[PDB]
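A structural walkthrough
Below are the chains, spelled out letter by letter.
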Amino acid sequence: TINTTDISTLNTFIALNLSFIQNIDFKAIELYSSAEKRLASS
Amino acid sequence: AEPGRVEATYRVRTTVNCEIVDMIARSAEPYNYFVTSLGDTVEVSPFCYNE
């Protein structure tokens, strides 16, 4: 009598191995700073 | 001068002044006219008679 764990066990799984996607933080941008905006005025 | 002397009507004193100032002027992108820091306005191109 021996344990069943010692016996080699084969597996049949065609693993999907997918790949999710998330967590893309969106920085806020501005083309012109305030300095040139003030300088924009005569 | 303003003498303020004893006259019936008024004095007639007068003076003149030559004023020479330096200031800063700004123009837009088309550069066809511009303005000065003193506030005076003008409708001529700052670029002219220079190529």
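Described in the following lines is the structure provided in the data block. (Residues numbered from 1 in each chain as written, not as in the entry; some residues may be left out. Chains lettered and ligands numbered in written order. Part of a larger assembly, values for the part shown. Heavy atoms only, no water. Residues with missing side-chain atoms left out of burial classes, pairs and counts.)

**Focus on the overall build of chain A**
- Summing up its helical and strand segments, chain A has one helix and zero strands in all.
- Dimensions along the principal axes, computed over C-alpha positions, put chain A at roughly 95 × 20 × 10 Å. (Helix = DSSP H or I, 4+ residues; strand = E, 2+ residues; numbered from the N terminus.)

**Observations concerning the overall build of chain B**
- Counting its regular elements, chain B contains zero helices and three strands.
- When the helices and strands of chain B are listed from N to C terminus, the series reads β-β-β.
- Counting only C-alpha atoms, chain B reaches 60 × 20 × 15 Å along its principal axes.
- Restricting the contact set of chain B to residue pairs at least 6 apart, pairs at least 24 apart contribute 0%. (Contact = heavy atoms within 4.5 Å.)

**Side note on the sheet that holds strand β3 (residues 41–42) of chain B**
Residues and elements named next belong to chain B.
- What the three strands build is an open sheet, ordered β1-β2-β3; its pairing is antiparallel. On the outer flanks of this sheet lie β1 (25–27) and β3, each paired with one strand and no other.
- In this structure, strand β2 (residues 34–36) lies alongside β3, joined through two bridges in antiparallel fashion. Bridged to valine 35 within β3 is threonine 41. (Pairing = 2+ DSSP bridges.)

**Focus on unusual backbone geometry**
Residue and element names in this part refer to chain B.
- Phi at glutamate 2 takes a positive value of approximately 50°, unusual for a residue other than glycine.
- Tracing the backbone shows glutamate 2 in the segment before β1.
- In this structure, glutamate 51 takes a positive phi of about 50° despite not being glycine.
- Residue placement: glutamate 51 occurs in the segment after β3.

Function cannot be read off these values alone, since they describe shape.
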